[PDB]
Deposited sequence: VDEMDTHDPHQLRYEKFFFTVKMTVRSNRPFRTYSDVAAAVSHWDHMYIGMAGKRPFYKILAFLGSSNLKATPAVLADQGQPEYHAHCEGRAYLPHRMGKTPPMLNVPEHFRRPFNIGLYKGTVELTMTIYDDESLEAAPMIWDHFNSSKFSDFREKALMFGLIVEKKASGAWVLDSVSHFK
């Protein structure tokens, strides 16, 4: 049941916090609120989770109240075992929710797009966009977003399933 979904993706993220996050763990805890009362395309949720995770890894504090931004775009393959994925249309969805994780509270705003790519031309593995994927603990970080990843034979991470 192992598959490789090829897709185009765009993720625009803005995180607003009362104070600067001290660790990536804080950033992940906040960004993972993006799909609280989720009403987006069910079939796309696993992928959006990945994109939110990716965006969170590339958030940068706006030059010179703290605000963070990330914008990531491209094509990639995703190895997973969630079964055949329903067709994915190029229809942008928006997710704007609040978060309160202790010392930090604010909001996360994500506009994402993901739709099937048939280009059949060389496309990198989504995981390769994650610098943190080169370590075994990438597992723990992915789980912060409700993602269960595992590395099969010959390395390479595979999205086994969503935790919920």
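- Residues 1-10, 75-80, 181-182 of the deposited sequence have no C-alpha coordinates in the structure.
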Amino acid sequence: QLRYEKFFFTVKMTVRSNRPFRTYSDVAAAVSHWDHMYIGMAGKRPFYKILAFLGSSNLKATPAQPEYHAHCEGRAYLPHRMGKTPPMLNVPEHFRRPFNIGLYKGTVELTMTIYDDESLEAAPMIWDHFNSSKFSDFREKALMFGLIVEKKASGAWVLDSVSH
From here on, numbers count along this sequence of modelled residues.
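- The deposited model assigns a higher average Cα B-factor to 123-131 than to the other stretch when 123-131 and 33-41 are compared.
- Higher mean CA temperature factor between 146-154 and 14-22: 146-154, per the PDB entry.
- When the C-alpha B-factors of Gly55, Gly102, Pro98, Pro63 are read from the PDB record, the largest value belongs to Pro63.
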